[PDB]
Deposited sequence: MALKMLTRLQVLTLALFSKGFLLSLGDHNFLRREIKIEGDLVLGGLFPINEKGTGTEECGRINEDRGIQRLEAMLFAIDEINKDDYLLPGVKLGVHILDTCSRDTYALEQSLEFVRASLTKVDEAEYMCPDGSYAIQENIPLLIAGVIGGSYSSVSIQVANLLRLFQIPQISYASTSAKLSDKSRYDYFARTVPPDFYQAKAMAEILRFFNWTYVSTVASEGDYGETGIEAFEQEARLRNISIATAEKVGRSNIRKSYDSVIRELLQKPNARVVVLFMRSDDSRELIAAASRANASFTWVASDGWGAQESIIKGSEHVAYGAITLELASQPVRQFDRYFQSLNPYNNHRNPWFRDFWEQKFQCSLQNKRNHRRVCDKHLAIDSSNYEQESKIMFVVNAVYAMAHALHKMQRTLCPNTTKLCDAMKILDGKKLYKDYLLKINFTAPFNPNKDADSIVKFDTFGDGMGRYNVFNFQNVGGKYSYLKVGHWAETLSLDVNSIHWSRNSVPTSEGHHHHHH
């Protein structure tokens, strides 16, 4: 068990899938390098920047309480109890940043609403979370999957992919995502050959059995995926084992992640993926690349990350001059949303501070007893330009506390020796794509 507790005048809770789900029985597995560690560090980086900002919360130091979810909603609920213990060692929590997986964000939201704690997700896209009658303290820097499903149905309609197979991860992301896709597909006269579900529970079929079901309909060469990152790897690995070749059309769960395709680049060649439209935070790259196990002792998972990333041991022995750089690192696509989520919470607290304490820069008596209801409704639904790092760059929430439906379309290609994801299109309300730039496995 591990955590990050940095004391401050106001403390922000944080939830990241630092570790994957453990195999068989174990709660926690391997370190999730890109969607775990990087995202965690993007929150720490944003907190550091805000604490250096003389225009945003001067006189109010932001502390943190960051916990691992181990990519499980059950594990995340146990961890989330620590954020509410001080309302029932435990510190008071102003707001919560996370989680990543929609199921954990849902579980956490069910608990947090009972303590009027505002919650901002930087990656949870389930349309379920747009229900304000149920998730009254929830907001997100990301859009609902109502739009991603539409974007995917429009891609198939554009290429006349009228007879397709679907595979979905069981849970809050995959099931509602594919249900939304199936409605949009039907409105566009797109038929579904087979609809498979994957996941761990006793009711699911094997990944090899799912691949066998996909090959049983050779007519459907395009497979639409609304799946989790961990489930996506298992499916590809299964496709690779039986040398199954399909044109994968995948949601943000896969996105532009190299971890899903490393080792099985052949079986995933020509894949079309979506990811939320984002731009890299250049200052984060500088910050992340400067981290090493000798200077980073506030992150208790950093040593495990380092040993996994570089295939090492401390006390092959880890070389002292090992460094995170452009040769072994790429900024995770949703980092922009993590920084924006921390900044959204900061801007809402600054505005409440300037309203309730006009006489000081400090946490006045009128603000010591924080009103989560008012913080959420009267402040958090605000407006700001993307955090002192950016060249619609405004951070805001709609009536439902959601971000804007903007996606980038990617194609898994070879470029020039190196396998990568090339941006080949965009979706904002309509689909735009550069068809000539796409490589489909073998030509077409």
Which ranges of the deposited chain go unmodelled, in order along the sequence? 1-31, 120-139, 367-372, 449-452, 506-517
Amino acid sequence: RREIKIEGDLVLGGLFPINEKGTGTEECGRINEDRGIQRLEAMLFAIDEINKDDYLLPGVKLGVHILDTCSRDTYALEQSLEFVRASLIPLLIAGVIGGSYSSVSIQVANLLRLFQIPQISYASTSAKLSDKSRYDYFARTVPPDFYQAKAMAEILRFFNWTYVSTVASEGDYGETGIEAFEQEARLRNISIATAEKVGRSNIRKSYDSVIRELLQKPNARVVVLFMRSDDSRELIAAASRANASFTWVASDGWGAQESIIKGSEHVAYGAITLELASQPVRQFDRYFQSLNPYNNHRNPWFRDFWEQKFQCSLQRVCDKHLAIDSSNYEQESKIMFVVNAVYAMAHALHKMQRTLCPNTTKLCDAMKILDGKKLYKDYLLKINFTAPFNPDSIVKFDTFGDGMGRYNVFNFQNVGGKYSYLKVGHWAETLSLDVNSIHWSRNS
From here on, numbers count along this sequence of modelled residues.
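Whichever C-alpha set is largest while still superposing within 1.5 Å between the two forms counts as the rigid core.
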Comparing 363-371 with 118-126, which has C-alphas lying farther from the shown form in 4 other deposited structures of this protein once the core is aligned? 363-371
Please pick 230-238 or 137-145, whichever has its Cα atoms farther from the shown form in 4 other deposited structures of this protein after a rigid core fit. 230-238
Any chance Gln315 is unbuilt in a third or more of the other entries we compared? yes
Unresolved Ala180 in a third or more of other entries flanked by modelled residues: no
Do the C-alpha atoms of 172-180 or of 261-269 have the higher average B factor in the entry? 261-269
Which is higher in the entry, the mean Cα B factor of 73-81 or that of 288-296? 73-81
Based on the PDB record, which member of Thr386, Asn408, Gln413, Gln38 exhibits the highest Cα temperature factor? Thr386
Out of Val281, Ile120, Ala86, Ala149, which shows the largest CA B-factor listed in the entry? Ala86
Temperature factor at the Cα of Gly425, chain-ranked in thirds, falls in the middle
Determine, from the deposited record, the chain-internal third of the Cα B-factor for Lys61: lowest, middle or highest. highest
Taking only the Cα B-factors deposited for this chain, tell me whether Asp145 sits in the lowest, middle or highest third. middle
Where does the C-alpha B-factor of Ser126 rank in its chain, lowest, middle or highest third? lowest
By the record's CA B-factor, is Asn32 among the lowest, middle or highest third of residues in the chain? lowest
